[PDB]
>>> print(open('run36.cif').read())   # mmCIF, N, CA and C atoms
data_start
#
loop_
_atom_site.group_PDB
_atom_site.id
_atom_site.type_symbol
_atom_site.label_atom_id
_atom_site.label_comp_id
_atom_site.auth_asym_id
_atom_site.auth_seq_id
_atom_site.Cartn_x
_atom_site.Cartn_y
_atom_site.Cartn_z
ATOM 1 N N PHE A 1 120.606 18.930 14.669
ATOM 2 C CA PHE A 1 119.523 19.634 15.403
ATOM 3 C C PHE A 1 118.480 20.273 14.408
ATOM 4 N N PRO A 2 117.353 19.604 13.996
ATOM 5 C CA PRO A 2 116.358 20.204 13.052
ATOM 6 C C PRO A 2 115.485 21.394 13.593
ATOM 7 N N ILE A 3 116.035 22.615 13.532
ATOM 8 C CA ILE A 3 115.352 23.861 14.000
ATOM 9 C C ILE A 3 114.764 24.693 12.788
ATOM 10 N N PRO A 4 113.417 24.857 12.576
ATOM 11 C CA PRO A 4 112.876 25.644 11.427
ATOM 12 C C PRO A 4 112.914 27.201 11.622
ATOM 13 N N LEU A 5 114.079 27.797 11.336
ATOM 14 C CA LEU A 5 114.299 29.265 11.463
ATOM 15 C C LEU A 5 114.012 30.014 10.105
ATOM 16 N N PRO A 6 113.087 31.019 9.986
ATOM 17 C CA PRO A 6 112.827 31.720 8.691
ATOM 18 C C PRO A 6 113.918 32.777 8.288
ATOM 19 N N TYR A 7 115.022 32.281 7.713
ATOM 20 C CA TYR A 7 116.172 33.109 7.259
ATOM 21 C C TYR A 7 116.565 32.735 5.790
ATOM 22 N N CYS A 8 116.692 33.744 4.906
ATOM 23 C CA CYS A 8 117.062 33.544 3.463
ATOM 24 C C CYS A 8 118.396 32.755 3.185
ATOM 25 N N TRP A 9 119.499 33.078 3.901
ATOM 26 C CA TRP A 9 120.845 32.399 3.754
ATOM 27 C C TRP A 9 120.744 30.883 4.213
ATOM 28 N N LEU A 10 119.982 30.539 5.289
ATOM 29 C CA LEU A 10 119.799 29.124 5.786
ATOM 30 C C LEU A 10 118.968 28.367 4.635
ATOM 31 N N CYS A 11 117.849 28.940 4.093
ATOM 32 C CA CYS A 11 117.011 28.329 2.997
ATOM 33 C C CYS A 11 117.946 28.048 1.726
ATOM 34 N N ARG A 12 118.843 28.988 1.315
ATOM 35 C CA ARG A 12 119.795 28.828 0.151
ATOM 36 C C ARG A 12 120.765 27.588 0.485
ATOM 37 N N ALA A 13 121.340 27.475 1.720
ATOM 38 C CA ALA A 13 122.242 26.347 2.151
ATOM 39 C C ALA A 13 121.434 24.964 2.081
ATOM 40 N N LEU A 14 120.136 24.907 2.493
ATOM 41 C CA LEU A 14 119.280 23.668 2.447
ATOM 42 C C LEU A 14 119.044 23.298 0.899
ATOM 43 N N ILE A 15 118.720 24.267 -0.013
ATOM 44 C CA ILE A 15 118.492 24.036 -1.502
ATOM 45 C C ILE A 15 119.853 23.446 -2.105
ATOM 46 N N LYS A 16 121.044 24.030 -1.800
ATOM 47 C CA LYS A 16 122.379 23.539 -2.292
ATOM 48 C C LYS A 16 122.604 22.045 -1.746
ATOM 49 N N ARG A 17 122.313 21.725 -0.451
ATOM 50 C CA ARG A 17 122.474 20.350 0.143
ATOM 51 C C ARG A 17 121.507 19.321 -0.607
ATOM 52 N N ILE A 18 120.211 19.654 -0.881
ATOM 53 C CA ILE A 18 119.233 18.742 -1.609
ATOM 54 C C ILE A 18 119.813 18.495 -3.081
ATOM 55 N N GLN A 19 120.294 19.543 -3.810
ATOM 56 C CA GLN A 19 120.890 19.440 -5.195
ATOM 57 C C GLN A 19 122.204 18.513 -5.128
ATOM 58 N N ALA A 20 123.051 18.597 -4.064
ATOM 59 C CA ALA A 20 124.285 17.763 -3.889
ATOM 60 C C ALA A 20 123.855 16.237 -3.629
ATOM 61 N N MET A 21 122.739 15.953 -2.912
ATOM 62 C CA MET A 21 122.272 14.569 -2.652
ATOM 63 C C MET A 21 121.579 13.933 -3.952
ATOM 64 N N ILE A 22 120.688 14.651 -4.679
ATOM 65 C CA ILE A 22 119.990 14.128 -5.900
ATOM 66 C C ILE A 22 120.562 14.807 -7.199
ATOM 67 N N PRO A 23 121.306 14.121 -8.123
ATOM 68 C CA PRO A 23 121.847 14.767 -9.353
ATOM 69 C C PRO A 23 120.789 15.040 -10.477
ATOM 70 N N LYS A 24 120.891 16.220 -11.104
ATOM 71 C CA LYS A 24 119.968 16.645 -12.196
ATOM 72 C C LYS A 24 120.479 16.198 -13.606
ATOM 73 N N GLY A 25 120.210 14.936 -13.987
ATOM 74 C CA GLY A 25 120.637 14.377 -15.303
ATOM 75 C C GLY A 25 122.138 14.068 -15.463
#
>>> encode(input="run36.cif", output="C-alpha cells")
Amino acid sequence: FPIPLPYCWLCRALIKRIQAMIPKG
C-alpha cells in the first residue's frame, strides 16, 4: 500500500530498504 506519510521513523525504514536492495561497493 504506497501511502506518503511525513514521519521520521518511516523515512529511516525506507533509506535502510533502498541500501539493502543496492550495495555500496
>>> select_by_dssp(input="run36.cif", residues="chain A", states="alpha helix (DSSP H)", output="ChimeraX atom specification")
/A:8-21
>>> atom_distance(input="run36.cif", atom1="atom N of residue 3 in chain A", atom2="atom C of residue 22 in chain A")
22.6 Å
>>> atom_distance(input="run36.cif", atom1="atom N of residue 17 in chain A", atom2="CA of residue 2 in chain A")
14.8 Å
>>> axis_aligned_box(input="run36.cif", around="range 1-16 of chain A", padding_each_side="5 Å", output="AutoDock Vina command-line options")
--center_x 117.7 --center_y 26.3 --center_z 6.6 --size_x 19.8 --size_y 24.8 --size_z 27.7
>>> atom_distance(input="run36.cif", atom1="CA of residue 4 in chain A", atom2="atom N of residue 25 in chain A")
28.5 Å
>>> decode(input="run36.cif", residues="range 3-24 of chain A", atoms="N, CA, C and O atoms", output="PDB file, in the first residue's frame")
ATOM      1  N   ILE A   3       1.475   4.681   0.684  1.00  0.00           N
ATOM      2  CA  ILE A   3       0.892   5.881   1.361  1.00  0.00           C
ATOM      3  C   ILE A   3       2.014   6.920   1.771  1.00  0.00           C
ATOM      4  O   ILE A   3       2.805   6.604   2.669  1.00  0.00           O
ATOM      5  N   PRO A   4       2.135   8.159   1.192  1.00  0.00           N
ATOM      6  CA  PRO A   4       3.200   9.129   1.589  1.00  0.00           C
ATOM      7  C   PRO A   4       2.914   9.911   2.920  1.00  0.00           C
ATOM      8  O   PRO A   4       2.448  11.055   2.927  1.00  0.00           O
ATOM      9  N   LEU A   5       3.232   9.271   4.053  1.00  0.00           N
ATOM     10  CA  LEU A   5       3.030   9.857   5.408  1.00  0.00           C
ATOM     11  C   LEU A   5       4.320  10.610   5.913  1.00  0.00           C
ATOM     12  O   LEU A   5       5.365   9.955   6.022  1.00  0.00           O
ATOM     13  N   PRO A   6       4.322  11.934   6.267  1.00  0.00           N
ATOM     14  CA  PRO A   6       5.554  12.634   6.744  1.00  0.00           C
ATOM     15  C   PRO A   6       5.958  12.311   8.229  1.00  0.00           C
ATOM     16  O   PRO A   6       5.695  13.071   9.166  1.00  0.00           O
ATOM     17  N   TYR A   7       6.626  11.164   8.413  1.00  0.00           N
ATOM     18  CA  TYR A   7       7.098  10.675   9.737  1.00  0.00           C
ATOM     19  C   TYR A   7       8.607  10.266   9.659  1.00  0.00           C
ATOM     20  O   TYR A   7       9.006   9.465   8.809  1.00  0.00           O
ATOM     21  N   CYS A   8       9.434  10.771  10.596  1.00  0.00           N
ATOM     22  CA  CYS A   8      10.907  10.472  10.653  1.00  0.00           C
ATOM     23  C   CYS A   8      11.312   8.951  10.707  1.00  0.00           C
ATOM     24  O   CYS A   8      12.242   8.538  10.012  1.00  0.00           O
ATOM     25  N   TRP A   9      10.644   8.135  11.556  1.00  0.00           N
ATOM     26  CA  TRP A   9      10.912   6.652  11.707  1.00  0.00           C
ATOM     27  C   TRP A   9      10.541   5.890  10.365  1.00  0.00           C
ATOM     28  O   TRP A   9      11.209   4.909  10.032  1.00  0.00           O
ATOM     29  N   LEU A  10       9.444   6.261   9.646  1.00  0.00           N
ATOM     30  CA  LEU A  10       9.024   5.620   8.344  1.00  0.00           C
ATOM     31  C   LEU A  10      10.167   6.012   7.281  1.00  0.00           C
ATOM     32  O   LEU A  10      10.609   5.138   6.534  1.00  0.00           O
ATOM     33  N   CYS A  11      10.605   7.304   7.176  1.00  0.00           N
ATOM     34  CA  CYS A  11      11.684   7.776   6.232  1.00  0.00           C
ATOM     35  C   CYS A  11      13.023   6.944   6.520  1.00  0.00           C
ATOM     36  O   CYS A  11      13.692   6.542   5.569  1.00  0.00           O
ATOM     37  N   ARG A  12      13.430   6.723   7.802  1.00  0.00           N
ATOM     38  CA  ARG A  12      14.656   5.933   8.199  1.00  0.00           C
ATOM     39  C   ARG A  12      14.456   4.428   7.665  1.00  0.00           C
ATOM     40  O   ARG A  12      15.409   3.847   7.137  1.00  0.00           O
ATOM     41  N   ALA A  13      13.267   3.781   7.855  1.00  0.00           N
ATOM     42  CA  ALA A  13      12.960   2.385   7.377  1.00  0.00           C
ATOM     43  C   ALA A  13      13.065   2.334   5.778  1.00  0.00           C
ATOM     44  O   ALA A  13      13.541   1.335   5.236  1.00  0.00           O
ATOM     45  N   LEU A  14      12.581   3.363   5.027  1.00  0.00           N
ATOM     46  CA  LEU A  14      12.650   3.428   3.523  1.00  0.00           C
ATOM     47  C   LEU A  14      14.201   3.559   3.114  1.00  0.00           C
ATOM     48  O   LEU A  14      14.625   2.887   2.171  1.00  0.00           O
ATOM     49  N   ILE A  15      15.031   4.423   3.776  1.00  0.00           N
ATOM     50  CA  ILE A  15      16.515   4.615   3.487  1.00  0.00           C
ATOM     51  C   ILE A  15      17.233   3.204   3.730  1.00  0.00           C
ATOM     52  O   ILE A  15      18.078   2.810   2.922  1.00  0.00           O
ATOM     53  N   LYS A  16      16.965   2.488   4.855  1.00  0.00           N
ATOM     54  CA  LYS A  16      17.565   1.142   5.165  1.00  0.00           C
ATOM     55  C   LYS A  16      17.125   0.112   4.013  1.00  0.00           C
ATOM     56  O   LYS A  16      17.964  -0.671   3.563  1.00  0.00           O
ATOM     57  N   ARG A  17      15.837   0.079   3.563  1.00  0.00           N
ATOM     58  CA  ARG A  17      15.338  -0.838   2.477  1.00  0.00           C
ATOM     59  C   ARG A  17      16.089  -0.510   1.105  1.00  0.00           C
ATOM     60  O   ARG A  17      16.468  -1.448   0.398  1.00  0.00           O
ATOM     61  N   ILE A  18      16.264   0.783   0.697  1.00  0.00           N
ATOM     62  CA  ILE A  18      16.986   1.180  -0.583  1.00  0.00           C
ATOM     63  C   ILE A  18      18.503   0.683  -0.452  1.00  0.00           C
ATOM     64  O   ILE A  18      19.037   0.138  -1.420  1.00  0.00           O
ATOM     65  N   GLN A  19      19.195   0.896   0.704  1.00  0.00           N
ATOM     66  CA  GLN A  19      20.617   0.455   0.963  1.00  0.00           C
ATOM     67  C   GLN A  19      20.685  -1.152   0.883  1.00  0.00           C
ATOM     68  O   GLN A  19      21.702  -1.690   0.444  1.00  0.00           O
ATOM     69  N   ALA A  20      19.670  -1.909   1.386  1.00  0.00           N
ATOM     70  CA  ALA A  20      19.620  -3.407   1.340  1.00  0.00           C
ATOM     71  C   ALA A  20      19.427  -3.879  -0.183  1.00  0.00           C
ATOM     72  O   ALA A  20      19.914  -4.951  -0.553  1.00  0.00           O
ATOM     73  N   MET A  21      18.664  -3.150  -1.035  1.00  0.00           N
ATOM     74  CA  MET A  21      18.460  -3.515  -2.458  1.00  0.00           C
ATOM     75  C   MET A  21      19.752  -3.162  -3.341  1.00  0.00           C
ATOM     76  O   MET A  21      20.173  -3.997  -4.149  1.00  0.00           O
ATOM     77  N   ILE A  22      20.380  -1.969  -3.199  1.00  0.00           N
ATOM     78  CA  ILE A  22      21.587  -1.559  -3.990  1.00  0.00           C
ATOM     79  C   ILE A  22      22.874  -1.570  -3.086  1.00  0.00           C
ATOM     80  O   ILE A  22      22.988  -0.684  -2.229  1.00  0.00           O
ATOM     81  N   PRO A  23      23.881  -2.486  -3.249  1.00  0.00           N
ATOM     82  CA  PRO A  23      25.100  -2.496  -2.390  1.00  0.00           C
ATOM     83  C   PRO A  23      26.140  -1.366  -2.705  1.00  0.00           C
ATOM     84  O   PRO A  23      26.408  -1.020  -3.860  1.00  0.00           O
ATOM     85  N   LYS A  24      26.699  -0.772  -1.642  1.00  0.00           N
ATOM     86  CA  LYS A  24      27.706   0.322  -1.757  1.00  0.00           C
ATOM     87  C   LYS A  24      29.169  -0.229  -1.834  1.00  0.00           C
ATOM     88  O   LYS A  24      29.889  -0.320  -0.834  1.00  0.00           O
TER      89      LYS A  24
END
